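All remarks here apply to the structure that follows.
Where a number appears in this text, it was derived from the coordinates with a stated rule and is not lab data. Here the Cβ is made from the backbone with ideal geometry for all residues, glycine too, and neighbour counts use every protein chain on show.
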Amino acid sequence: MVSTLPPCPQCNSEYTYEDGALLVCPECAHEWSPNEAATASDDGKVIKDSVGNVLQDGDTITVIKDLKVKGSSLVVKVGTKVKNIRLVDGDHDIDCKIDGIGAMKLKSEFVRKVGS
Ligand SMILES: [Zn+2]
């Protein structure tokens with residue numbers, strides 16, 4: 001019947017309760033979350049480039065380094081435009097399909113969101 005939750009960092013009265021996914025203090029009329037008040041970057045497994053930017057499933061990318069292709073005759077050059085990518089589960093994973101050779105996987109650390 002009693003809350004095992006922390007007090008209120010504003011009242012310390014301890015008359016705090018849990019209303020769903022956080023703690024609400026009915027005293028000072030302010031809800032707060034113990035750890036989430038600090039907040040962190042979650043949903044961050046989205047594929048990020050060496051530019052420090054985040055891509056979108058369908059966005060246009062461009063390798064910013066000289067990358068070879070092992071099974072294909074193609075060599076990936078700084079400016080290799082591959083659009084409409086697929087964001088895979090791992091942040092180190094850009095799935096892309098390339099007219100001609102086929103589908104390929106790209107190292108996030110070697111690619112970049114074009115900006116278009
Ligand atoms: Zn309070």
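Below is a table of values for the structure above.
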item: Residue count for segment 56-70, restricted to those that are free of Cβ contacts under 8 Å to residues at least 12 places away in the same chain and within 11 Å of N84 (Cα to Cα); result: 0
item: Answer residue from segment 1-24, given it is away from the ligand (no atom under 16 Å from the Cβ) and of a type in the set (V, I, T) and is farthest from the chain's Cα centre (by Cα) among those; result: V2
item: Flag for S73 being within 15 Å of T60 (Cα to Cα) and assigned to a loop (DSSP other than H, G, I, E, B); result: no
item: Matching residues, segment 89-113, being in a loop (DSSP other than H, G, I, E, B) and surrounded by fewer than 17 Cβ atoms within 10 Å (Cβ to Cβ); result: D89, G90, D91, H92, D93, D99, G100, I101, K107
item: Residue within segment 25-41 that is more than 16 Å from the ligand (Cβ to nearest atom), in contact with a strand residue (DSSP E or B) (Cβ under 6 Å, 6 or more places away or on another chain) and not in a strand (DSSP E or B) present; result: no
item: Verdict on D57 being closer than 28 Å to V78 by Cβ, more than 10 Å from the ligand (Cβ to nearest atom), surrounded by 12 or more Cβ atoms within 10 Å (Cβ to Cβ) and charged (D, E, K, R); result: yes
item: Residue pairs meeting the criteria (Cβ under 9 Å; at least 6 apart or on separate chains; first small (G, A, S), in segment 1-30; second in a loop (DSSP other than H, G, I, E, B)); result: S3/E14; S3/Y15; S3/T16; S13/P7; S13/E27; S13/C28; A21/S33; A21/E36
